[PDB]
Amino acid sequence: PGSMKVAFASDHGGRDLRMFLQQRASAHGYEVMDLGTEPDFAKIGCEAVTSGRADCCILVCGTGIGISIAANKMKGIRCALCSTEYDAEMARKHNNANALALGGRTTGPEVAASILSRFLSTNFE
């Protein structure tokens, strides 16, 4: 986890939850790359990953749907939109996801945190 560089970006509404998630990531040993607060925060999160500067990016959005669509439309990005820990577990084990979209308007913080936690610790098969 001390090895893994984890990038985060959010829209305006998602800043609070993003920072909460960053702090849970730091507290479990992850290296946090806070990419800031807004399209804009789209290319930005995904480019940290594709250019090798970050191992994955965590994108915090309204529902996550618009961002998951956009993220996946980029070369070398596999973006999972998860609403349970099982989703995040599968996203990694089966889909080698390198981006997690989370919906701040749709997912409680503690649930977003347990989804994040599982995404970060699951290895690809």
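When you see a residue number, it is the position in the sequence shown, counting from 1.
Unmodelled residues of the deposited sequence between neighbouring positions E38 and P39 number 4 to 9. Once the C-alpha B-factors are averaged per stretch, 22-30 and 61-69 rank with 22-30 first. Of the two segments examined, 44-52 and 84-92, it is 44-52 that shows the higher average Cα temperature factor in the deposited entry. When all modelled residues of the chain are sorted by CA temperature factor, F124 is found within the highest third.
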